[PDB]
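**Student:**
There are 2 protein chains.
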Amino acid sequence: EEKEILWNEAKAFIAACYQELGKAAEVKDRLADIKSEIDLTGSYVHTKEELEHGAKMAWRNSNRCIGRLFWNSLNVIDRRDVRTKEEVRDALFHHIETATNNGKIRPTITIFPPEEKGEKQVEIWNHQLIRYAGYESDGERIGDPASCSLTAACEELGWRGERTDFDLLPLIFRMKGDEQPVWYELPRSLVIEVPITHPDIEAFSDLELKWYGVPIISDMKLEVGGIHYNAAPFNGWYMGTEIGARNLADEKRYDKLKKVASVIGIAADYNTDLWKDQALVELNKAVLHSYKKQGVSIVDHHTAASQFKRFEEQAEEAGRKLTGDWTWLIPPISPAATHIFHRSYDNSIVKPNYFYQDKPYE
Amino acid sequence: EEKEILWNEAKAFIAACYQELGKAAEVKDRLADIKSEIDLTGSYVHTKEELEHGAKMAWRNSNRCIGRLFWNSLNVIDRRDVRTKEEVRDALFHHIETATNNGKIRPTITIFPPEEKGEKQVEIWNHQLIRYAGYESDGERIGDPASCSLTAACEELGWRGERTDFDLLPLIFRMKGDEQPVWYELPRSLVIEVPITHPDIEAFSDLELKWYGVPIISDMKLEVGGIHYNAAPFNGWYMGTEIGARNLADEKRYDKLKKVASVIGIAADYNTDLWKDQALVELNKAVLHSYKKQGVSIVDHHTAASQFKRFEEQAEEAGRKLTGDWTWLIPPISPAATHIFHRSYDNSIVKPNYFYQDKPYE
Ligand code: HEM
Ligand code: HEM
Ligand SMILES: CN(C)Cc1cccc(NCc2ccc3ccc(N)nc3c2)c1
Ligand SMILES: CN(C)Cc1cccc(NCc2ccc3ccc(N)nc3c2)c1
Ligand SMILES: C[C@H](O)[C@H](O)[C@H]1CNc2nc(N)[nH]c(=O)c2N1
Ligand SMILES: C[C@H](O)[C@H](O)[C@H]1CNc2nc(N)[nH]c(=O)c2N1
Ligand SMILES: [Cl-]
Ligand SMILES: [Cl-]
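These protein sequence lines are chains A and A', in that order. A prime marks a further copy of an entry chain.
Position one of the first sequence corresponds to residue 2 (the authors' numbering), numbered consecutively onward.
Position one of the second sequence corresponds to residue 2 (the authors' numbering), numbered consecutively onward.
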């Protein structure tokens with residue numbers, strides 16, 4: 002059963018992959034070797050070209066991603082050679098450095114050894130390589146509430162945050178054969194942060210808001226032709242609304258809209274004043290302005306939507322079915338001002354793709 | 002087959018309806034009479050209580066409606082007695098008057114005779130009883146483009162618009178037995194209009210924007226226990242975003258965002274300035290302010306969402322399944338600032354309900 006699913010996913014992937022690479026004639030022989038390799042070993046190993054292209058296809062198939070136009074320029078780092086926690090750590094440090102690229106963000110994925118018998122070689126606990134801790138204790142809310150459980154897990158392992166609203170969580174991952182994960186503090190020189198200012202409201206800096214430059218999702222599983230890369234952190238650059246409309250605005254996150262309303266000089270008393278909507282816009286303008294000012298890559302949601310339209314058009318020209326999750330593709334501000342809002346999308350799941358997996362903590 | 006579907010829908014409706022009315026014991030006898038009435042006549046007639054409650058249930062089941070909290074206070078006007086186009090016209094004029102209620106809008110439905118053999122007694126052509134005409138001719142865009150086809154249909158019947166951006170379309174409907182519909186100009190004294198001004202931007206009036214007070218959907222079919230009320234115009238009051246974020250903002254409607262950006266003193270050159278988002282907010286503030294200032298009922302989307310949350314809670318307390326269309330329930334501005342955005346809904350279709358039907362024109 003195991004070696005049957007694998008073989009089926011493998012046949013489908015290699016055919017489609019090699020077809021796109023213009024290697025359709027090499028399929029039959031590559032499929033022969035794979036069939037033999039599965040029978041004998043219970044698995045198979047991707048060539049560098051397959052792995053690289055598989056990661057790109059997986060991005061292209063991510064229904065919830067608005068940034069998919071640039072799927073083919075993904076920078077793929079092959080780290081299937083890693084065997085030690087020192088190597089994992091340095092691969093993670095390197096990923097951060099090369100993706101950040103002094104602010105000129107390179108979309109990048111580092112790929113670690115895949116599961117074998119469903120047994121993980123490396124198990125990364127971070128949701129993102131760079132994220133802020135969160136504390137909920139006795140009425141005191143500090144930091145990012147989304148990070149409360151992971152934070153408490155780290156602190157259970159000997160780490161201690163300074164309890165500012167922006168403590169950088171340590172990298173934390175577990176190697177096959179260890180009962181506990183290990184954790185390593187992040188070198189500050191590797192992490193770019195953007196203080197949030199407003200282009201024309203000077204008081205906005207009184208909020209003392211900031212965010213990190215690069216969102217590096219590190220807890221999703223990459224699936225390519227039956228092979229499960231459970232550890233494969235990837236990053237793009239932020240769309241402004243992710244920070245301005247959700248991370249800093251959600252009541253269950255940093256919940257900053259009342260303070261934004263105050264510094265921008267408007268009352269926050271009446272729903273009919275639309276003070277939340279107005280606060281949202283100024284905060285989102287502030288986020289875009291601040292990232293641009295520091296030279297850190299970011300895209301506004303209109304530009305991103307225009308890009309996604311091109312992705313839609315390219316999909317049709319290439320004869321590929323387009324798949325998408327309308328509920329995630331629409332931006333959380335002014336969605337009706339994008340074309341996305343006014344059409345529908347097929348939410349079917351196509352592989353290769355990125356998937357959720359269970360949290361080891363919690 | 003016909004008298005079978007009818008009987009089945011009837012059994013389900015009467016049971017549920019009488020149960021909610023506390024008349025569960027009268028069910029068996031009422032069901033007996035209905036069964037006899039169907040066999041002999043090919044149909045059956047709702048009592049006033051059934052019709053009234055059916056219309057309320059249909060509102061309650063409208064997955065796309067955020068205003069459903071007030072389902073039980075719907076004012077139901079029974080006009081199944083109408084036989085002439087003069088009576089239809091006066092019933093439509095009356096509906097407008099009583100729903101408007103000097104600005105203190107009463108949610109209201111006027112119910113006309115139902116289809117018999119699928120044959121319509123009355124066929125209303127308007128999408129809303131009060132709407133603006135639209136003209137598309139030789140580069141010239143005038144009025145509401147959503148009304149272009151109906152407008153051209155009216156003008157094909159002898160009506161002529163003045164070709165302002167806000168020509169009121171005539172009422173237009175067809176009686177069973179006539180090849181053509183008839184049309185009647187709307188008395189201006191019956192129609193409340195709201196000039197759009199801004200609470201603190203005086204130049205906003207230079208736009209010369211306005212809208213009508215009461216949205217009265219007149220082209221949907223009401224289905225109650227197998228009986229098809231194809232003509233049953235209903236109204237609530239507007240949610241501000243319907244006017245500010247869609248009717249006046251959509252590129253395929255009045256497309257006013259550039260002119261809004263100009264009068265509010267901001268540039269409309271860069272996506273990163275979020276000028277559309279900012280323009281949207283000021284226009285939507287202007288809409289709410291203007292309706293409030295004239296004493297015409299309106300609800301902002303935050304208040305409406307809070308009300309819908311209560312509807313959700315009442316549904317659970319009453320033991321009723323909740324159904325909803327997430328894609329329509331989320332407001333087109335700041336959707337993430339509402340609870341609706343952060344939960345999901347079952348989009349199943351429950352009857353009684355309101356349904357689309359084919360346009361006789363176009
Ligand atoms: C290049 C810049 C990129 C931008 C601007 C972008 C934009 C976005 C946004 C806005 C979301 C929604 C996230 C949320 O609502 O929290 C998203 C989701 C997603 N993106 Fe991208 N993205 C980019 C690059 C990438 C890359 C490089 C990958 C992987 C190779 C990727 C895969 C995904 C996936 C898998 C999701 C959905 C995650 C989930 O279901 O939770 N994206 N993207
Ligand atoms: C009391 C005030 C009401 C408010 C504020 C309200 C609000 C809304 C809104 C905002 C929509 C979405 C419309 C759009 O996006 O264009 C909607 C849809 C709808 N509402 Fe309501 N509504 C109200 C009363 C009513 C009443 C009285 C009925 C009927 C008895 C009704 C039935 C519906 C239906 C059927 C739809 C969906 C129509 C479609 O699919 O095109 N609503 N409502
Ligand atoms: C934590 N998950 C189980 C749920 C969840 C909640 C909130 C956000 C996400 N994914 C965010 C996400 C994922 C991939 C991204 C890629 C690029 C980018 N700019 N943002 C991205 C953002 C996922
Ligand atoms: C014209 N239809 C085929 C599609 C369509 C497009 C745009 C809007 C609608 N329905 C709008 C609608 C329907 C019922 C409403 C009830 C109350 C209210 N305030 N707005 C309401 C608005 C329907
Ligand atoms: C329940 C709700 O549909 C769901 O949580 C979604 C809605 N759309 C979203 N869209 C984005 N981009 N991100 C999110 O976290 C969500 N939340
Ligand atoms: C295609 C798209 O999903 C669809 O046209 C919907 C989206 N959500 C909407 N929501 C509302 N309230 N009104 C609309 O007309 C639409 N359009
Ligand atoms: Cl994030
Ligand atoms: Cl409308």
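For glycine and all other residues, C-beta sits at the position ideal for the given N, C-alpha and C.
Residues in its own chain within less than 8 Å of residue 300 of chain A by CB, not counting five upstream and five downstream?
**Tutor:** 68, 238, 239, 240, 241, 308, listed in sequence order.
**Student:** Does DSSP put residue 294 of chain A' in a helix, a strand or coil?
**Tutor:** Helix.
**Student:** May I ask which residues mark the beginning and end of the alpha helix (DSSP H) holding residue 351 of chain A?
**Tutor:** Neither: residue 351 of chain A is in no alpha helix (DSSP H) and is coded neither H nor E.
**Student:** Assuming residue 337 of chain A and residue 254 of chain A' make a contact with CB atoms under 8 Å, what is their CB distance in whole Å?
**Tutor:** With a Cβ gap of about 11 Å, residue 337 of chain A and residue 254 of chain A' do not count as contacting.
**Student:** Going by Cα to Cα distance, which pick from A':312, A':217, A':243, A':272 is closest to residue 287 of chain A'?
**Tutor:** Nearest C-alpha to residue 287 of chain A': A':243.
**Student:** Considering only the alpha carbon of each residue, which of A':154, A':257, A':231, A':296 lies closest to residue 113 of chain A'?
**Tutor:** Measuring from the Cα of residue 113 of chain A', the nearest candidate turns out to be A':231.
**Student:** In three-state DSSP terms, what is residue 30 of chain A?
**Tutor:** Residue state, collapsed to three classes: helix.
**Student:** Could you pull the start and end residues of the alpha helix (DSSP H) that residue 191 of chain A belongs to?
**Tutor:** It is not in any alpha helix (DSSP H) - residue 191 of chain A carries neither H nor E in the DSSP assignment.
**Student:** Run down chain A' in chain order and give the residues with a C-beta less than 7 Å from the C-beta of residue 188 of chain A.
**Tutor:** Per Cβ cutoff of 7 Å: no residues; residue 188 of chain A is ~31 Å from chain A' at best.
**Student:** Give the DSSP-derived three-state secondary structure of residue 330 of chain A in the structure shown.
**Tutor:** Helix at residue 330 of chain A.
**Student:** Taking only beta-carbon atoms, is residue 60 of chain A less than 8 Å away from chain A'?
**Tutor:** So no, residue 60 of chain A is outside the interface.
**Student:** Excluding five sequence neighbours on each side, which residues of the same chain lie with their C-beta closer than 8 Å to the C-beta of residue 49 of chain A'?
**Tutor:** Here the set comprises 79.
**Student:** Taking only beta-carbon positions, decide if residue 285 of chain A is within less than 8 Å of chain A'.
**Tutor:** Closer than 8 Å: yes.
**Student:** Is there contact here, the stretch 314–333 of chain A' with the stretch 342–349 of chain A', by at least three beta-carbon pairs under 8 Å?
**Tutor:** The stretch 314–333 of chain A', when compared against the stretch 342–349 of chain A', does touch it at the 8 Å Cβ threshold.
**Student:** Taking Cβ-Cβ distances shorter than 9 Å, what residues in chain A pair up with residue 303 of chain A'?
**Tutor:** What residue 303 of chain A' touches in chain A: 272, 273, 275, 277, 278.
**Student:** Kindly indicate which three-state DSSP category residue 223 of chain A falls into: helix, strand or coil?
**Tutor:** Reduced to three states, the DSSP call for residue 223 of chain A is strand.
**Student:** Using a Cβ cut-off of 7 Å, which residues of the stretch 312–330 of chain A' contact any Cβ in chain A, in chain order?
**Tutor:** Residues 327, 328.
**Student:** Do the stretch 134–148 of chain A and the stretch 5–20 of chain A' meet, that is, are 3 or more Cβ pairs less than 8 Å apart?
**Tutor:** No, they do not touch.
**Student:** What is the rounded straight-line gap between the Cα of residue 129 of chain A and the Cα of residue 216 of chain A?
**Tutor:** Approximately 7 Å, taken between the alpha carbons.
**Student:** How about residue 229 of chain A: is its Cβ closer than 7 Å to a heavy atom in ligand 4?
**Tutor:** Because no heavy atom of ligand 4 lies under 7 Å away, the Cβ of residue 229 of chain A does not count as near it: no.
**Student:** Where DSSP assigns a beta bridge to residue 229 of chain A', which residues make up the other side?
**Tutor:** Beta-bridge pairing links residue 229 of chain A' to A':224.
**Student:** Return yes when at least one heavy atom of ligand 6 lies under 7 Å from the C-beta of residue 345 of chain A, else no.
**Tutor:** Yes, the beta carbon of residue 345 of chain A sits closer than 7 Å to at least one heavy atom of ligand 6.
**Student:** Specify whether the stretch 121–128 of chain A and the stretch 171–180 of chain A touch according to this definition: at least 3 beta carbon pairs, one from each stretch, less than 8 Å apart.
**Tutor:** Verdict: yes, contact present.
**Student:** Give, in chain order, every unbroken run of the alpha helix (DSSP H) that is at least 4 residues long and sits entirely within the stretch 195–281 of chain A'.
**Tutor:** Listed in chain order, they are 258–264.
**Student:** Report yes or no: is there a C-beta of chain A' within less than 8 Å of the C-beta of residue 67 of chain A?
**Tutor:** By this cut-off, residue 67 of chain A is not an interface position.
**Student:** Would you list, in chain order, the members of the stretch 257–270 of chain A that have their beta-carbon closer than 9 Å to a beta-carbon of chain A'?
**Tutor:** Listed by position, the residues of the stretch 257–270 of chain A near chain A' (Cβ gap below 9 Å) are 258.
**Student:** Residues of chain A with CB closer than 8 Å to the CB of residue 247 of chain A', please, in chain order.
**Tutor:** Result: 337.
**Student:** For residue 98 of chain A, which residues of its own chain have a beta-carbon under 7 Å away from its beta-carbon, when the five flanking residues on both sides are left out?
**Tutor:** Excluding residues within five positions, the ones whose Cβ falls inside 7 Å are 191.
**Student:** With distances taken between CB atoms, is the gap from residue 52 of chain A' to residue 77 of chain A' smaller than 8 Å?
**Tutor:** Cβ distance < 8 Å, so residue 52 of chain A' and residue 77 of chain A' count as in contact.
**Student:** May I have the straight-line CA-CA distance separating residue 351 of chain A from residue 185 of chain A', to the nearest angstrom?
**Tutor:** So the two alpha carbons sit approximately 55 Å from each other.
**Student:** Report yes or no: is there a C-beta of chain A' within less than 8 Å of the C-beta of residue 333 of chain A?
**Tutor:** Taking Cβ atoms only, chain A' reaches closer than 8 Å to residue 333 of chain A, which makes this a yes.
**Student:** So, is the C-beta of residue 1 of chain A' closer than 8 Å to a C-beta in chain A?
**Tutor:** Residue 1 of chain A' lies beyond the stretch modelled for chain A', which goes from 2 to 363, so this question has no answer here.
**Student:** Please compile the residues from chain A whose C-beta is within a distance smaller than 7 Å of the C-beta of residue 70 of chain A'.
**Tutor:** Near residue 70 of chain A' there are no residues of chain A at all, since even the closest Cβ is about 15 Å away, more than 7 Å.
**Student:** I need the residues with a C-beta less than 6 Å from some heavy atom of ligand 7; please give them in chain order.
**Tutor:** Going along the chain, the residues that qualify are A:216, A:243, A:248.
**Student:** Verify the contact flag: residue 342 of chain A, CB atom, against every heavy atom of ligand 6, threshold strictly below 7 Å.
**Tutor:** Checking the Cβ of residue 342 of chain A against ligand 6 gives yes.
**Student:** With DSSP as the reference, please indicate the residues paired to residue 79 of chain A in a beta bridge.
**Tutor:** DSSP output for residue 79 of chain A lists A:112 as bridge partner(s).
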